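This is structure08.cif (mmCIF, C-alpha atoms).
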data_final
loop_
_atom_site.label_atom_id
_atom_site.label_comp_id
_atom_site.auth_asym_id
_atom_site.auth_seq_id
_atom_site.Cartn_x
_atom_site.Cartn_y
_atom_site.Cartn_z
CA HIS A 4 47.11 85.88 -39.23
CA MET A 5 45.10 82.58 -39.47
CA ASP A 6 47.11 79.37 -40.09
CA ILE A 7 50.63 77.88 -40.60
CA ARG A 8 49.37 74.48 -41.80
CA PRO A 9 48.46 74.10 -45.54
CA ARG A 10 45.68 71.46 -45.04
CA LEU A 11 43.20 70.26 -42.33
CA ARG A 12 44.41 67.91 -39.66
CA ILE A 13 41.88 65.29 -38.55
CA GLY A 14 41.65 62.92 -35.60
CA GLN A 15 39.53 59.79 -35.33
CA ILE A 16 39.07 58.00 -31.94
CA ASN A 17 36.65 55.66 -30.19
CA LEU A 18 36.60 57.02 -26.60
CA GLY A 19 35.19 53.85 -24.97
CA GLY A 20 32.40 55.89 -23.30
CA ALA A 21 34.96 57.37 -20.87
CA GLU A 22 34.58 60.90 -19.44
CA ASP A 23 38.40 61.18 -18.93
CA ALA A 24 39.21 60.21 -22.52
CA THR A 25 36.50 62.53 -23.82
CA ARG A 26 37.74 65.45 -21.67
CA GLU A 27 41.43 65.03 -22.72
CA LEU A 28 40.39 65.52 -26.38
CA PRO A 29 40.66 69.37 -26.39
CA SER A 30 44.22 69.25 -25.01
CA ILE A 31 45.21 66.52 -27.48
CA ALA A 32 43.72 68.52 -30.39
CA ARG A 33 45.64 71.67 -29.26
CA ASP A 34 48.85 69.74 -28.74
CA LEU A 35 48.69 68.07 -32.23
CA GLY A 36 47.14 70.95 -34.23
CA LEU A 37 43.93 69.03 -34.98
CA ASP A 38 41.08 71.04 -36.55
CA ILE A 39 38.50 68.21 -36.34
CA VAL A 40 38.17 65.00 -34.40
CA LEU A 41 35.64 62.39 -35.49
CA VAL A 42 34.70 60.50 -32.31
CA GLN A 43 32.74 57.37 -31.40
CA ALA A 44 31.41 56.21 -28.02
CA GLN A 45 31.94 59.73 -26.62
CA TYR A 46 30.96 60.50 -23.10
CA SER A 47 27.99 62.54 -24.39
CA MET A 48 27.49 64.89 -21.32
CA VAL A 49 30.19 67.30 -22.51
CA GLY A 50 29.75 70.70 -24.02
CA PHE A 51 32.00 70.62 -27.11
CA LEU A 52 30.61 67.76 -29.38
CA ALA A 53 28.35 67.99 -32.43
CA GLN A 54 26.23 64.87 -31.77
CA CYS A 55 22.65 63.64 -32.46
CA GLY A 56 19.94 61.80 -30.54
CA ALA A 57 19.35 61.08 -26.86
CA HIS A 58 22.35 58.76 -26.31
CA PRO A 59 24.78 59.54 -29.21
CA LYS A 60 27.65 57.14 -29.96
CA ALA A 61 29.17 59.14 -32.76
CA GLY A 62 30.06 62.84 -32.98
CA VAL A 63 32.42 65.53 -34.24
CA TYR A 64 34.68 67.81 -32.19
CA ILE A 65 35.49 71.06 -33.93
CA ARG A 66 38.59 72.48 -32.23
CA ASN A 67 38.36 75.93 -33.68
CA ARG A 68 34.72 76.99 -33.32
CA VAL A 69 35.04 79.69 -36.06
CA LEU A 70 35.61 77.02 -38.74
CA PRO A 71 32.36 76.98 -40.79
CA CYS A 72 30.95 73.55 -40.00
CA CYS A 73 27.37 72.36 -40.81
CA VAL A 74 25.84 69.24 -39.31
CA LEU A 75 23.52 67.65 -41.87
CA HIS A 76 20.51 66.81 -39.76
CA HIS A 77 18.87 64.81 -42.55
CA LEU A 78 21.96 62.50 -42.86
CA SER A 79 22.77 62.14 -39.12
CA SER A 80 21.74 59.92 -36.23
CA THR A 81 23.07 58.59 -32.97
CA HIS A 82 25.63 56.28 -34.66
CA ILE A 83 26.53 58.40 -37.69
CA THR A 84 27.30 62.13 -37.74
CA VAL A 85 27.73 63.90 -41.06
CA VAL A 86 29.33 67.36 -41.21
CA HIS A 87 30.09 69.79 -44.02
CA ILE A 88 33.28 71.79 -43.63
CA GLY A 89 32.44 74.92 -45.54
CA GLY A 90 32.29 76.13 -48.12
CA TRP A 91 33.33 74.01 -51.16
CA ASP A 92 32.90 70.22 -51.27
CA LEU A 93 34.44 68.55 -48.15
CA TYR A 94 32.16 66.34 -45.98
CA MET A 95 33.09 64.09 -43.05
CA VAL A 96 31.35 61.22 -41.36
CA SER A 97 31.91 59.78 -37.90
CA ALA A 98 30.39 56.30 -37.68
CA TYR A 99 30.15 53.67 -34.96
CA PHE A 100 29.06 50.16 -36.06
CA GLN A 101 28.06 48.80 -32.69
CA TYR A 102 29.50 45.29 -32.19
CA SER A 103 26.24 43.97 -30.65
CA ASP A 104 24.33 44.88 -33.86
CA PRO A 105 24.42 43.63 -37.45
CA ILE A 106 26.35 45.77 -39.84
CA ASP A 107 23.79 45.89 -42.70
CA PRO A 108 21.59 48.71 -41.28
CA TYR A 109 24.76 50.86 -40.82
CA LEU A 110 25.96 50.11 -44.29
CA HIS A 111 22.48 50.98 -45.72
CA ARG A 112 22.57 54.44 -43.98
CA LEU A 113 26.14 55.11 -45.17
CA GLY A 114 24.94 54.14 -48.66
CA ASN A 115 22.11 56.69 -48.31
CA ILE A 116 24.60 59.32 -47.20
CA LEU A 117 26.86 58.52 -50.18
CA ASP A 118 23.94 58.67 -52.69
CA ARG A 119 23.00 62.18 -51.45
CA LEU A 120 26.59 63.41 -51.51
CA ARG A 121 27.32 61.74 -54.88
CA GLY A 122 30.30 63.48 -56.46
CA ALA A 123 31.36 65.28 -53.26
CA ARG A 124 34.60 64.75 -51.38
CA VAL A 125 33.62 62.58 -48.39
CA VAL A 126 35.77 61.24 -45.59
CA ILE A 127 34.41 58.42 -43.35
CA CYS A 128 35.95 57.63 -39.99
CA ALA A 129 34.42 54.41 -38.76
CA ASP A 130 34.87 52.06 -35.86
CA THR A 131 33.67 49.06 -37.96
CA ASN A 132 34.22 46.31 -35.38
CA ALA A 133 35.32 44.33 -38.44
CA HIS A 134 38.63 42.76 -39.40
CA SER A 135 40.00 42.87 -42.95
CA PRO A 136 43.45 42.71 -44.60
CA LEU A 137 42.44 46.00 -46.34
CA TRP A 138 43.19 47.76 -42.98
CA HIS A 139 46.02 45.44 -41.76
CA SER A 140 44.12 42.97 -39.57
CA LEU A 141 46.11 39.70 -39.18
CA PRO A 142 44.75 36.35 -40.49
CA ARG A 143 43.95 35.24 -36.89
CA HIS A 144 41.57 38.25 -36.56
CA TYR A 145 39.36 37.43 -39.61
CA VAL A 146 39.89 33.67 -40.27
CA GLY A 147 38.83 30.91 -37.90
CA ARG A 148 36.92 33.34 -35.69
CA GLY A 149 33.38 32.22 -36.61
CA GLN A 150 30.77 33.04 -39.24
CA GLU A 151 29.79 36.48 -37.85
CA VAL A 152 33.38 37.75 -38.06
CA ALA A 153 33.61 36.52 -41.69
CA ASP A 154 30.19 38.07 -42.55
CA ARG A 155 31.02 41.54 -41.08
CA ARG A 156 34.29 41.34 -43.00
CA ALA A 157 32.58 40.35 -46.27
CA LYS A 158 29.81 43.02 -45.98
CA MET A 159 32.37 45.72 -45.22
CA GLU A 160 34.57 44.76 -48.20
CA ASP A 161 31.56 44.46 -50.60
CA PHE A 162 30.42 47.90 -49.55
CA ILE A 163 33.88 49.38 -49.96
CA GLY A 164 33.90 47.75 -53.40
CA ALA A 165 30.39 48.81 -54.56
CA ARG A 166 30.99 52.49 -53.50
CA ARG A 167 34.52 52.63 -54.95
CA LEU A 168 35.87 53.72 -51.59
CA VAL A 169 39.57 54.18 -50.72
CA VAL A 170 40.97 52.81 -47.43
CA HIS A 171 43.83 55.03 -46.09
CA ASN A 172 44.92 52.77 -43.19
CA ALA A 173 48.66 52.28 -43.89
CA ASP A 174 50.85 49.25 -43.31
CA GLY A 175 53.29 49.21 -40.40
CA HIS A 176 51.32 51.17 -37.82
CA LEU A 177 50.14 50.34 -34.34
CA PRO A 178 46.91 48.37 -33.92
CA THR A 179 43.91 50.72 -33.53
CA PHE A 180 42.40 48.70 -30.66
CA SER A 181 44.23 47.29 -27.63
CA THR A 182 42.46 45.16 -24.99
CA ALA A 183 43.53 42.50 -22.45
CA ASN A 184 42.34 39.93 -25.06
CA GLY A 185 44.92 41.32 -27.56
CA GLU A 186 45.39 43.91 -30.28
CA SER A 187 43.20 44.47 -33.33
CA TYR A 188 42.48 46.74 -36.27
CA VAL A 189 38.82 47.76 -36.49
CA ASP A 190 39.08 51.60 -36.89
CA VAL A 191 39.02 52.53 -40.57
CA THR A 192 39.62 55.73 -42.51
CA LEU A 193 37.82 55.82 -45.87
CA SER A 194 37.25 58.41 -48.53
CA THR A 195 35.69 58.86 -51.94
CA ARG A 196 38.12 58.71 -54.89
CA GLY A 197 40.34 61.78 -55.37
CA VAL A 198 40.38 62.97 -51.75
CA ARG A 199 44.04 63.46 -50.79
CA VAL A 200 44.84 62.01 -47.38
CA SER A 201 48.39 62.44 -46.04
CA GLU A 202 50.53 61.45 -43.04
CA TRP A 203 48.03 58.82 -41.94
CA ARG A 204 49.22 57.40 -38.64
CA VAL A 205 48.10 55.80 -35.39
CA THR A 206 49.31 57.48 -32.19
CA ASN A 207 49.30 56.75 -28.45
CA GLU A 208 47.95 60.17 -27.39
CA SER A 209 44.50 59.06 -26.13
CA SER A 210 43.92 57.04 -22.95
CA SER A 211 41.16 55.02 -24.63
CA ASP A 212 41.77 51.33 -25.39
CA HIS A 213 41.42 52.59 -28.93
CA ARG A 214 44.31 54.57 -30.38
CA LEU A 215 43.93 58.03 -31.87
CA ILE A 216 44.34 58.01 -35.59
CA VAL A 217 45.58 61.24 -37.20
CA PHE A 218 45.81 62.37 -40.88
CA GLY A 219 45.83 65.33 -43.27
CA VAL A 220 43.18 66.45 -45.76
CA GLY A 221 43.73 69.04 -48.54
CA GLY A 222 41.26 71.02 -50.72
CA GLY A 223 41.45 69.19 -54.09
CA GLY A 226 45.47 65.58 -58.49
CA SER A 227 45.55 70.44 -57.06
CA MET A 228 49.08 70.48 -55.67
CA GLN A 229 51.45 72.04 -53.13
CA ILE A 230 53.76 74.99 -53.81
CA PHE A 231 56.34 76.34 -51.34
CA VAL A 232 56.17 80.15 -50.95
CA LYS A 233 59.46 81.12 -49.29
CA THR A 234 60.51 84.40 -47.63
CA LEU A 235 64.09 85.59 -47.18
CA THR A 236 63.64 85.28 -43.37
CA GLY A 237 63.22 81.50 -43.84
CA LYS A 238 59.41 81.38 -43.50
CA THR A 239 57.75 78.75 -45.73
CA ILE A 240 54.04 79.13 -46.56
CA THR A 241 52.81 75.77 -47.90
CA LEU A 242 49.70 76.27 -50.01
CA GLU A 243 47.05 74.11 -51.72
CA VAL A 244 46.53 75.57 -55.20
CA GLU A 245 45.12 74.49 -58.61
CA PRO A 246 47.17 74.57 -61.86
CA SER A 247 44.89 77.30 -63.24
CA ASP A 248 44.72 79.59 -60.18
CA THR A 249 46.04 83.15 -60.81
CA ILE A 250 49.00 84.88 -59.13
CA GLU A 251 46.41 87.26 -57.63
CA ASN A 252 44.52 84.25 -56.21
CA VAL A 253 47.79 83.02 -54.72
CA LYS A 254 48.66 86.40 -53.19
CA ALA A 255 45.28 86.46 -51.42
CA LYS A 256 45.97 82.96 -50.01
CA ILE A 257 49.09 84.49 -48.45
CA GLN A 258 47.08 87.47 -47.09
CA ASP A 259 44.57 85.25 -45.30
CA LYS A 260 47.38 82.92 -44.08
CA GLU A 261 49.79 85.64 -42.88
CA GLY A 262 47.67 88.80 -43.25
CA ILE A 263 50.20 90.32 -45.70
CA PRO A 264 48.52 92.89 -48.04
CA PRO A 265 48.55 91.58 -51.66
CA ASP A 266 49.49 94.98 -53.18
CA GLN A 267 52.74 94.71 -51.17
CA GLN A 268 53.42 91.09 -52.22
CA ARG A 269 55.93 90.24 -54.97
CA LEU A 270 56.25 86.58 -56.02
CA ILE A 271 59.20 85.52 -58.19
CA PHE A 272 59.64 82.21 -60.01
CA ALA A 273 62.36 81.20 -62.48
CA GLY A 274 64.06 84.62 -62.30
CA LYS A 275 60.86 86.36 -63.36
CA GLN A 276 58.34 88.52 -61.45
CA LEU A 277 54.83 87.08 -61.57
CA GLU A 278 52.07 89.27 -63.03
CA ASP A 279 48.76 89.10 -61.10
CA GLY A 280 46.63 88.34 -64.20
CA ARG A 281 48.25 85.05 -65.23
CA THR A 282 47.88 81.46 -63.96
CA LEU A 283 50.23 78.96 -62.29
CA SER A 284 50.35 76.98 -65.56
CA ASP A 285 51.29 79.92 -67.80
CA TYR A 286 54.50 80.14 -65.65
CA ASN A 287 55.12 76.34 -65.68
CA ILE A 288 54.63 76.07 -61.90
CA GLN A 289 53.80 72.48 -60.91
CA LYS A 290 53.96 70.22 -57.84
CA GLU A 291 56.48 71.12 -55.09
CA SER A 292 57.63 74.22 -56.99
CA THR A 293 59.22 76.93 -54.83
CA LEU A 294 58.42 80.62 -55.35
CA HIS A 295 60.15 83.54 -53.61
CA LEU A 296 57.82 85.87 -51.74
CA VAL A 297 59.32 89.35 -51.57
CA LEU A 298 57.87 92.33 -49.71
CA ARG A 299 57.63 95.61 -51.68
#
Let me see the structure of the file written as structure tokens.
Amino acid sequence: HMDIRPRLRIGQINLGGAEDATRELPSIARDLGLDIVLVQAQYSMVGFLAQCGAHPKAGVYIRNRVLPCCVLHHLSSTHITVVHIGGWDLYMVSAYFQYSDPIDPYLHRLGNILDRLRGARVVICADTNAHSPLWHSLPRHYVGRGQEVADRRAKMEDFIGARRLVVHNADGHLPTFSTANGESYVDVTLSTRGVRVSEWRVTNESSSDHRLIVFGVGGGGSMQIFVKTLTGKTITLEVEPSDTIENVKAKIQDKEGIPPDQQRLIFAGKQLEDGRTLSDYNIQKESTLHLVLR
């Protein structure tokens, strides 16, 4: 049974403290196939948010409650929620850098979080309330807007630099933040190096003034192979070069509940023995295997 998607789908949205925007989140997650939504300025009196403190302004929505998800209590606070998505090395951070406050304290805590999780795959979803060309702000957002705007910008970019962080906000997308005073880009999707983020986009799904950002996250450049049936079904699968045929067959079991002892995979006109690896058979990125039932 389980899942048709190969990788996790994530949302990121500042809900502007609105009950209605917070309460539409489950339907939006269902509609778009989101596993996790990293939220800021939630309406906190709801029942479905992992959130910390008395008046939280960051949290995580886990759509499917059976997904093993740990909230790191030692790394979390009202403005920053850290979760572990079990059970290898993927962590995620929802952060809200309140506009009324300096940015330094927030950056120091994020720094602390990154020290502790050194080496791990970490994704950070932050409403920065900062403007930088890194995430497609226009010159009129970060130049000639006063010293504080330039300082937030500078601190944010130094931090990104010092922690070797990757910004996944792509060119040619809608602004993340739309007010009566205009449009801006202040919502930022970061990761540590070697996290694979795909299909990053900004949507119009939420009724917040902020726009829901959506993207994909895998489990490992790890690759993608297409396991095809003769009925037209394609199982997309995240797999390492050195994983075994057996290991692949069990991926299919958990994804489709097909018993491995009744699975036959064929590549390059050759049946695949359980013992061997994806490399031994010269199976690389975007390769297509036949899955035959026996």
Residues matched by the PyMOL selection byres ((chain A and resi 147-151) around 12) as a PDB file with C-alpha atoms, in the coordinates of the input:
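Output saved as out_15.pdb:
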ATOM      1  CA  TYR A 102      29.500  45.290 -32.190  1.00  0.00           C
ATOM      2  CA  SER A 103      26.240  43.970 -30.650  1.00  0.00           C
ATOM      3  CA  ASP A 104      24.330  44.880 -33.860  1.00  0.00           C
ATOM      4  CA  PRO A 105      24.420  43.630 -37.450  1.00  0.00           C
ATOM      5  CA  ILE A 106      26.350  45.770 -39.840  1.00  0.00           C
ATOM      6  CA  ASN A 132      34.220  46.310 -35.380  1.00  0.00           C
ATOM      7  CA  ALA A 133      35.320  44.330 -38.440  1.00  0.00           C
ATOM      8  CA  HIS A 134      38.630  42.760 -39.400  1.00  0.00           C
ATOM      9  CA  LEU A 141      46.110  39.700 -39.180  1.00  0.00           C
ATOM     10  CA  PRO A 142      44.750  36.350 -40.490  1.00  0.00           C
ATOM     11  CA  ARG A 143      43.950  35.240 -36.890  1.00  0.00           C
ATOM     12  CA  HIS A 144      41.570  38.250 -36.560  1.00  0.00           C
ATOM     13  CA  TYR A 145      39.360  37.430 -39.610  1.00  0.00           C
ATOM     14  CA  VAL A 146      39.890  33.670 -40.270  1.00  0.00           C
ATOM     15  CA  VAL A 152      33.380  37.750 -38.060  1.00  0.00           C
ATOM     16  CA  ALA A 153      33.610  36.520 -41.690  1.00  0.00           C
ATOM     17  CA  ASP A 154      30.190  38.070 -42.550  1.00  0.00           C
ATOM     18  CA  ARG A 155      31.020  41.540 -41.080  1.00  0.00           C
ATOM     19  CA  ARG A 156      34.290  41.340 -43.000  1.00  0.00           C
ATOM     20  CA  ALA A 157      32.580  40.350 -46.270  1.00  0.00           C
ATOM     21  CA  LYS A 158      29.810  43.020 -45.980  1.00  0.00           C
TER      22      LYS A 158
END
Output the residue selection produced by the PyMOL selection byres ((chain A and resi 278) around 12) on the file above, formatted as a ChimeraX atom specification. /A:249-254,266,268-272,275-277,279-283,285-286
Contact residues around residue A:43 with only C-alpha atoms at 8 Å, ignoring same-chain residues under 5 positions, as an MDAnalysis selection string: chainID A and resid 16:19 60:62 82 97:99 130
Given the file shown, determine the residues that the PyMOL selection byres ((chain A and resi 215-217) around 10) selects; report them as a ChimeraX atom specification. /A:12-18,28,31,35,37,39-42,128,172,177,179-180,190-192,201-214,218-219
Option closest in space to residue A:234, from A:293, A:140, A:287, A:45 [counting all atoms listed in the file]: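 Of A:293, A:140, A:287, A:45, the one nearest residue A:234 is A:293, counting all atoms listed in the file.
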